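This document opens with one chain alone, in structure tokens, the form deposited in one PDB entry.
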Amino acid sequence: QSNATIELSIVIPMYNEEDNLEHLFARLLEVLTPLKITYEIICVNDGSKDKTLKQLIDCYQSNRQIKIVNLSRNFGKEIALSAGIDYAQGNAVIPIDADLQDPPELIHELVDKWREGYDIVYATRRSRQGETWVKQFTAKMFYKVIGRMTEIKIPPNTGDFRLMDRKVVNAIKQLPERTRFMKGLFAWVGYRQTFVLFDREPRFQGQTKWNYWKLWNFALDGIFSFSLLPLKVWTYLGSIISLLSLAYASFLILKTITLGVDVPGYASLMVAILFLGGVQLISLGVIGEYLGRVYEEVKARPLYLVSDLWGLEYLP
């Protein structure tokens, strides 16, 4: 009997991952055989510049569970993951890395948490460990900032290693977004979510020169995709500055009448500067409010997500 129903999809983005395919596939097979479930392995070639696709085709010829999504260009790991998840058909989908920095054995644990009713199972590191103090402090500050500014609650130490139920995968597919912060998006599609702790081996504990410009832009993407306060604060700042300018002008007139001293030219210049700056900041704040509305409209997120229905059929 052929099930024809994939229970588990393993999505691996690959970029120059030759001389890693054999070990990765051996470990994955060793982990996935005891699970006794139908599975597929979607390997997404993200424009590799070496003999990765050739070895992938060699493995695909012999192993029926291997499928290849060959992207035209190198789009990056996140976009390769998105493509692999788009082409995945399992009831659960697990993104994993080809270098096996995240132990594939934990897949089993994830599957267990998936069978207890959880729709998202994050694989979270117990501690950051090998990451430098600067990286840890910046990550902690970013998470605190995004928690304060936004209404989403991104769990700590969560990477791309996770299990997503088919329902969560379809919810993520319902989000047409070109500027995606995946951590915030997974927090936003709030289903039954849990986490499984795992200690990453010292082989991959810390070895990375982080490009802090890329990290800064990633944090900016996360903040801007889920908060509009940076656009709203300016109208109130302009109102405060204009009020200060008006109060200063009133005080200058009061000193002119009660002391008989004409207002100095620099004081009038300061009043005009503050008033014009506040008016322009109010205009910028109104523009920012309307631009936030436009951004919300063009992100085109669903108003809601239905997780379960009783007595009703799902709307197309």
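Basically, rigid core = biggest C-alpha set you can superpose within 1.5 Å across the two forms. Note that residue numbering begins at 1 and tracks the sequence as displayed.
One more form of this protein, deposited in another entry, exists but is not displayed; see below.
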With the core superposed between this form and the one not shown, a CA shift of at least 2 Å among 178, 115, 73, 148 belongs only to 148
Checking residue 249 here: with the core superposed, does its CA move 2 Å or more between this form and the one not shown? yes
Using the core for the fit, does the CA position of residue 34 change by 2 Å or more between this form and the one not shown? no
Align both forms on the core first, then report whether residue 239 has a C-alpha shift of 2 Å or more between this form and the one not shown. yes
Look at the CA atoms of residue 236 and residue 179: state whether they lie closer or farther apart in the other form than in this form, given a difference of 3 Å or more. closer
Against the shown form, C-alpha atoms of residue 280 and residue 232 in the other form: closer or farther, for a change of 3 Å or more? farther
